Structure formats: C-alpha cells, structure tokens
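Residue numbers (the deposited numbering), protein chains in the order written: chain AR, 19 to 73; chain AG, 2 to 151; chain AK, 12 to 128.
Beta carbons: idealized from backbone N, C-alpha and C, even for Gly.
Data first, discussion second: the structure below is written as structure tokens.
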Amino acid sequence: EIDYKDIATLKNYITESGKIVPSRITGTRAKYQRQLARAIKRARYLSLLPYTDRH
Amino acid sequence: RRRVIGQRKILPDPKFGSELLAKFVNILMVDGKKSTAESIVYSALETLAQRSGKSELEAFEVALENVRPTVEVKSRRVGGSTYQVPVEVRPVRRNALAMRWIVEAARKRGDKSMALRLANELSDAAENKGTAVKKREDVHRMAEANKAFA
Amino acid sequence: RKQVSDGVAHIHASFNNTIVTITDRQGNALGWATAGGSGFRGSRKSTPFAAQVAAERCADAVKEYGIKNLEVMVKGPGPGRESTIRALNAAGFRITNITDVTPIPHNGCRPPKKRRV
RNA sequence: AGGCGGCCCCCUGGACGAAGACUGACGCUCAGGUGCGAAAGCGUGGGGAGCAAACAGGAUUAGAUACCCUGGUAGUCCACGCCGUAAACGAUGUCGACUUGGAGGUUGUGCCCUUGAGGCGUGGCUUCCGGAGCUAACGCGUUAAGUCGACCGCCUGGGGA
RNA sequence: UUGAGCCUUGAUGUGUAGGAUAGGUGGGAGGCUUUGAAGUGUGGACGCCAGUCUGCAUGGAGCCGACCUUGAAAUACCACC
Numbered sequence: 019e020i021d022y023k024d025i026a027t028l029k030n031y032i033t034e035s036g037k038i039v040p041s042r043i044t045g046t047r048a049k050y051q052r053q054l055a056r057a058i059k060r061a062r063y064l065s066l067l068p069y070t071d072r073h
Numbered sequence: 002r003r004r005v006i007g008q009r010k011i012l013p014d015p016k017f018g019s020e021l022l023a024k025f026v027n028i029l030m031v032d033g034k035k036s037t038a039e040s041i042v043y044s045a046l047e048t049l050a051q052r053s054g055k056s057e058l059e060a061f062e063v064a065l066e067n068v069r070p071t072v073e074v075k076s077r078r079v080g081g082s083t084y085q086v087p088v089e090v091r092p093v094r095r096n097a098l099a100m101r102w103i104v105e106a107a108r109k110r111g112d113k114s115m116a117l118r119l120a121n122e123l124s125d126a127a128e129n130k131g132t133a134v135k136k137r138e139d140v141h142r143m144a145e146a147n148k149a150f151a
Numbered sequence: 012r013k014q015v016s017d018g019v020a021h022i023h024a025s026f027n028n029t030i031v032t033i034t035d036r037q038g039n040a041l042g043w044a045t046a047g048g049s050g051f052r053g054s055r056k057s058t059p060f061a062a063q064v065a066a067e068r069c070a071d072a073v074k075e076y077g078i079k080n081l082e083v084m085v086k087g088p089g090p091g092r093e094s095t096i097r098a099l100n101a102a103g104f105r106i107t108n109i110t111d112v113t114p115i116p117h118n119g120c121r122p123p124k125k126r127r128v
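Structure (structure tokens):
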C-alpha cells in the first residue's frame, strides 16, 4: 500500500529462516500481514526481492 | 495394581554380618531344617582363593563382580506393535540377584556331593563362566536395537 | 598428507535415515556415515540412539584429511539432527558456524490426502 | 451454477453508494426451447517430473487374486472437438411485502473548521448464536421451513424395478 | 591428461650386550658430497620412538680414522646383489 519498493525497510519484516515475521510480533493488524505479503509479491515480480531462500 | 504393600527392607545378622550374608543363609530354603547353610556360608572360599581368586576376604567380592547384571530384558507393546526392550537394573539389590544365580545352580545340578555342588559352581562364577551365557547375551544384544524405538 | 584442519560438514536427517557427510567447499564428500550402519531397522535410523553413534564413525572417514574447524549445514526433519552434531563437537572438533538449510515446500508435487493408517 | 486465489498488460458481464432526473405498468412466472459441466469417458495430434487404476512382484495367510510395501501403463496436462451427469447439498423452485435482536466481517457513503486520530449516522453484501411463529423431530428462524399472495415443476408404500 | 606393461632410482636392513641399526659382499687412506649433511621435531608414513624419506623450521663444505673396543666380518673411499 505504501513504500513497498524499499528493501532496507522490507528486511525488517522477513526472517533469516526464509519466512515472514508474524503480525503478533510486529504488533500490526491482520491486513498489514496482507499488505506485507502483497509488498513481498510486488517486490518479487520487480527484481527487488528473491522468490526463495537456502544457501 | 498400585497398592500392593511396601516392599521389605530385610536385615543384617549379629554373627553372619552383612545383609547379603544374612540373605545367603535364608534364600532357597527347602524342607525348613535351618541348619544346613551355616556350614556352607563362607566355607567354599578357601579353595576359591586358590582356584578362581585370592584370599577368603576377596573370594566372594570377585564372584559378585564377575556375575554383574546391568540390564534386564522384557516384552513391551503399544497397540499393534510389540518389542523386546532392555532396561537398566537398580543398583541397591544388584549383588543379591547375582548371588541367587549361584546358590540355585548347586540345587538344580546333582553331581557328587554338596561339598562340591557349590564350590564347583563358584569357581566358574568368579570367572563369568556360567551355563549358556553366549545365547543369554544374544538376547540383550538383539534387544539393544529396540532402545531406538519403532 | 598434512592435515587441512578447516572445512565444512553436511547433515541430513529424514524420517527413515540420518546421513552425515564431512565435505569440502568445492562440493566433495570426504567421508560419510549412515545411521543404518548401526544395523537398525526402520525409523530407528532417525533417533539420537542411532545418529549419536554416526558422528565419530564419520570423523573416522576423514582420518587422513585431518579436521579441527567445521562449518555445518543441516537439512531434514529427523530427531537425530543435533545429537550427531554434539557428538562430533565432543570428539574434539570446533564448530565455526551452524546454518539450517532444510527446504520449505515449493510446488511439492502430490501429497498424501489419502494418507496411510 | 459447476467453480475461481500469484504478479503484470489488455478485453468484458453483473452488482453497489452519494445528490438529482427522464419514461410511464414497459412488471412476476414459464411447457417445449436456447445455452452452460465437476471428476471420469470418447476422438485427432502432442505430453509424461509427481500420484497412480490395470499389471508384475514382495509378501502376509488357511488362501491373498486385496489391505501393507517395491516397481508401473491408462488417466491427470495442452491444441481443441465431444459428453452433458454429481452427496451439482445449508438435500429448502422463482418472485414481492411485513416484522425482536446480539456478536462480527466486508464495501460504498451523509455530517461536525472531519481543523479528526475521534464522534454522530446510513445504503449493499453476509457469518455465527437465537426469540415470537412453523415443524413429528431435528432444524428454519427478518437472508425464516414464519405471515401471505402470483406462476411453474412434481407426487401417493417397500421386495420386484 | 592418464589405464597397462617395462626400464631407472632411493629408503631400507637393528634385536639380544657394549660404544655402535656393521643388510649382504669383494677390494681398501687420502678421497668425496654443493639439486647437500646438520636439527629434532611441529607434522605425514613406518617404528625397537631411534631414524630416514615426503617437505620444512633451516644452512650450505665438509668429514672420517688413531686412543677405545665389538665381532665370522668394520665404522673414510670405491664395486657388485
């Protein structure tokens, strides 16, 4: 919804395990986890974020 | 079930001494005559001390050090699965189990005299030379794999 | 034949076997051990009782390479996935890094739906 | 309806709000029609990781032709063309009005310098709990199986079929 | 770049008791090593834990014999296996 192309911001919401930080932990409303998942998908299909993890 | 009376604490003796020696003169009692074992207790050791150990002071220590059960084996099931399972034995009576395995064989074998039937048994016990122990070990060896469960 | 003293190690633990490898950063396998190597049948091979006795059998597989510092990679769900690592640390080796690399299901083909009982 | 989740670019049905207006009963239903399809199946040519009918083994067992384990073709996918059936199920035909709620979701929107985070309202869609009524009973319960009307589709015991 | 065969070359080699790992073996005082000996072990093989080789830490022309004493037999220099 806002500023989803900034990866220096987005990496505060995704884990070293290759997953997502829960909305319980960021203290955010349920639709922020949807806004975050949409930011992740919109950064993937823009060459801003990787699709997958592992070494 | 869970009760069951509390298991007993046995006794020492004012002449025979320790709780195990006080057990030796009371275990495998048949016909109740109660004067036979007091001529057989610590009386098979002087020849043991020149056959399978040393001194009348260590001849029975080493017998219950060579005969040393550390694991028991028993069936265990959980629904439609059954295993032979190994379990470590509790230490407090461990040497009294080993004692029983010697004094019974002097009764279950009937060869020459009672002045030989125990002394001949003890001289193999002080060396871990019991009957059929290779096939006994073959069960505990097979059950070892079942400490990894299913 | 001088010792290398530094390298990598790879741990795999499935629901049916634990398989441990001492590796090179080029992708070579220098020595290996399997939990079915202890003769155990079925999912026994995934327990610490099996995996904890594969570690020094794997250190024996590199006995002419010479090891000291190791970077570890771990995959798979099997319970043995860390006892095999502590047993290797207790063999006198020092872990430079630990990283988990267990896959997250992607496509996944077909699952049991339709699961055995 | 059956069904349908990605990001990105077109093409497009229907529904819905605010503040108004132009027609003038133009509405409601509907035999037979006229058009749809989930899985599987049929056709012509491709396709083949994973899953797997059939099949061949391992067995297991009294037997195993099956469960369970090892392999595995059809089928699953696509160009399309056919097929028209379902536990197509909240098992409740379509259409309209009247009428206790609570909790909650979802989408417009009227108003107070929104000086607005807040507060006061108000249409659309809809989930769970349930009250008057209905029902044999369970349930339906203002999205009613209620209260009442228009039309259509059906029906009179299993075993046989 | 290497499978296979073959030539070529080095390390060997001791016990026992004593300096001393004398492999065998035929000669034997001035002759030889510089791409080589020492250190003595870190660490690799073998091990009598000494030593030698792979290759260093590393240097870099020497050395060796007498006296002493082992043994069928000698320990520079040089063939042969």
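Handout entry: Interfacial residues, the segment 75-101 of chain AK to chain AG, with Cβ spacing under 7 Å
Key = none
Handout entry: Alpha carbon of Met115(AG) to alpha carbon of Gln85(AG), nearest angstrom
Key = Residue numbering aside, residue 115(AG) sits at position 114 when the second sequence is read from its first letter. Residue numbering aside, residue 85(AG) sits at position 84 when the second sequence is read from its first letter. Inter-residue distance for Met115(AG) and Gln85(AG) is about 38 Å (C-alpha atoms, whole angstroms).
Handout entry: Any non-hydrogen atom of the ligand ADP closer than 7 Å to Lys136(AG) Cβ
Key = With respect to the ligand ADP, the structure offers nothing, as it holds no ligand at all.
Practice task
Within 10 angstroms of the Cβ of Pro87(AG), are there 16 or more other Cβ atoms? Answer buried if so, exposed if not.
Solution key: By one-based count along the second sequence, residue 87(AG) stands at place 86. By the neighbour-count rule (16 or more Cβ atoms within 10 Å), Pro87(AG) is buried.
Problem - chain AR contact for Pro114(AK) (CB, 8 Å cutoff) - result: For the purposes of this step, residue 114(AK) is taken as the residue at position 103 of the third sequence. Interface residue, yes.
Handout entry: Pairwise C-alpha distance: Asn27(AK) and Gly87(AK)
Key = Residue mapping note: residue 87(AK) aligns to position 76 of the third sequence, counting from 1. Residue mapping note: residue 27(AK) aligns to position 16 of the third sequence, counting from 1. Near 11 Å, if we compare the C-alpha coordinates of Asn27(AK) and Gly87(AK).
Exercise for the section: Please determine, among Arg42(AR), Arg56(AR), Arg62(AR), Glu34(AR), the residue with the shortest C-alpha to C-alpha distance to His73(AR). Expected result: Against the first sequence, residue 73(AR) aligns to sequence position 55. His73(AR) has its Cα closest to that of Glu34(AR), out of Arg42(AR), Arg56(AR), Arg62(AR), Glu34(AR).
Problem - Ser54(AK) vs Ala24(AK) beta-carbon contact at 8 Å - result: On the third sequence, position 43 is the one that residue 54(AK) refers to. On the third sequence, position 13 is the one that residue 24(AK) refers to. Taking 8 Å as the Cβ cut-off, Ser54(AK) and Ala24(AK) do not qualify as a contacting pair.
Exercise for the section: Establish whether the CB of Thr33(AR) and some CB of chain AK are separated by less than 8 Å. Expected result: The residue you call residue 33(AR) lines up with position 15 of the first sequence. No, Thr33(AR) lies away from the interface with chain AK (no Cβ there is under 8 Å from its Cβ).
Problem - Boundaries of the alpha helix (DSSP H) in which residue 131(AK) is found, first to last residue - result: Because chain AK spans 12 through 128 in this model, residue 131(AK) falls outside it and cannot be assessed.
Problem - Which residues DSSP lists as bridging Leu64(AR), in chain order - result: Here residue 64(AR) corresponds to residue number 46 of the first sequence, with the count starting at 1. In the DSSP output, where bridge partners are listed per residue, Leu64(AR) has none listed.
Problem - Nearest-angstrom Cα separation, counted from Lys136(AG) out to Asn67(AG) - result: Numbered from 1 along the second sequence, position 66 holds the residue referred to as residue 67(AG). Numbered from 1 along the second sequence, position 135 holds the residue referred to as residue 136(AG). Cα to Cα, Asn67(AG) sits roughly 18 Å from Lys136(AG).
Exercise for the section: Verify the CB distance criterion: does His23(AK) have a CB-CB separation below 8 Å to chain AR? Expected result: Position 12 of the third sequence, counted from the first residue, corresponds to residue 23(AK). So no, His23(AK) is outside the interface.
Exercise for the section: Tell me, please, whether the segment 58-67 of chain AK touches the segment 32-40 of chain AK by the rule of three or more beta-carbon pairs shorter than 8 Å. Expected result: Of all C-beta pairs linking the segment 58-67 of chain AK to the segment 32-40 of chain AK, fewer than three are shorter than 8 Å, placing the two stretches out of contact.
Exercise for the section: List the residues of chain AG whose Cβ lies closer than 7 Å to the Cβ of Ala65(AK), in chain order. Expected result: Walking along the third sequence from the start, residue 65(AK) turns up at place 54. The premise fails here: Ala65(AK) is roughly 12 Å from chain AG at the closest Cβ pair, so nothing lies under 7 Å.
Practice task
Establish whether the CB of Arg72(AR) and some CB of chain AK are separated by less than 8 Å.
Solution key: Here residue 72(AR) refers to the residue found at position 54 when the first sequence is read from its first residue. Output row for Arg72(AR): interface = yes.
Handout entry: Euclidean distance between Cα positions of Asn30(AR) and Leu66(AR)
Key = Along the first sequence, read from residue 1 onward, the residue named residue 30(AR) stands at position 12. Along the first sequence, read from residue 1 onward, the residue named residue 66(AR) stands at position 48. Approximately 15 Å, taken between the alpha carbons.
Problem - beta strand (DSSP E) runs wholly inside the segment 66-90 of chain AK, at least 3 long, in chain order - result: 80-86
Problem - 7 Å Cβ cut-off: residues of chain AK touching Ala149(AG) - result: Sequence index remark: in the second sequence, residue 149(AG) carries index 148 (1-based). Simply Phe51, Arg55, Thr58, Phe60, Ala61.
Exercise for the section: Using alpha carbons as the reference points, say which of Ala72(AK), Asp17(AK), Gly50(AK), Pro59(AK) lies closest to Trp43(AK). Expected result: As a first step, residue 43(AK) must be located in the third sequence, where it is residue number 32. That would be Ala72(AK), whose Cα lies nearest to the Cα of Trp43(AK).
Practice task
Could you pull the start and end residues of the beta strand (DSSP E) that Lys24(AG) belongs to?
Solution key: Here the question's residue 24(AG) lines up with position 23 in the second sequence. It is not in any beta strand (DSSP E) - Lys24(AG) instead sits in the alpha helix (DSSP H) that spans 20-25.
Handout entry: Sufficient close CB pairs (3 or more, under 8 Å) joining the segment 93-106 of chain AK to the segment 118-127 of chain AK
Key = no
Exercise for the section: Would you mind giving the Cβ-Cβ distance between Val26(AG) and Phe17(AG), rounded to the nearest angstrom? I have them listed as a contact below 8 Å. Expected result: Along the second sequence, read from residue 1 onward, the residue named residue 26(AG) stands at position 25. Along the second sequence, read from residue 1 onward, the residue named residue 17(AG) stands at position 16. Confirmed, about 6 Å.
Problem - Interface partners of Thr32(AK) on chain AR, CB under 8 Å - result: Position 21 of the third sequence, counted from the first residue, corresponds to residue 32(AK). In chain order: nothing, as chain AR lies at least about 15 Å away.
Practice task
Could you check the C-alpha separation between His141(AG) and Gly50(AK) for me, to the nearest Å?
Solution key: On the second sequence, residue 141(AG) is found 140 positions in, with the first residue counted as 1. On the third sequence, residue 50(AK) is found 39 positions in, with the first residue counted as 1. Distance between the alpha carbons of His141(AG) and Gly50(AK) is about 15 Å.
Exercise for the section: Could you work out which residues of chain AK lie near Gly36(AR), taking near to mean beta carbons separated by less than 8 Å? Expected result: For this step, residue 36(AR) is matched to residue 18 along the first sequence. Per Cβ cutoff of 8 Å: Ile115.
Handout entry: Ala127(AG) vs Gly54(AG) beta-carbon contact at 8 Å
Key = Along the second sequence, read from residue 1 onward, the residue named residue 127(AG) stands at position 126. Along the second sequence, read from residue 1 onward, the residue named residue 54(AG) stands at position 53. Contact flag set, yes.
Problem - Environment of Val83(AK) [buried if 16+ CB atoms lie within 10 Å] - result: Numbered from 1 along the third sequence, position 72 holds the residue referred to as residue 83(AK). Buried, because 16 or more other Cβ atoms sit within 10 Å of the Cβ of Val83(AK).
Exercise for the section: Assuming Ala149(AG) contacts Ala61(AK) (C-beta within less than 8 Å), just tell me the rounded distance between them. Expected result: Along the second sequence, read from residue 1 onward, the residue named residue 149(AG) stands at position 148. Along the third sequence, read from residue 1 onward, the residue named residue 61(AK) stands at position 50. That pair is a contact at about 5 Å.
Exercise for the section: Measuring only between beta-carbons, confirm whether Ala60(AG) sits less than 8 Å from chain AK. Expected result: Locating residue 60(AG) in the second sequence gives position 59, where the first residue counts as 1. So no, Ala60(AG) is outside the interface.
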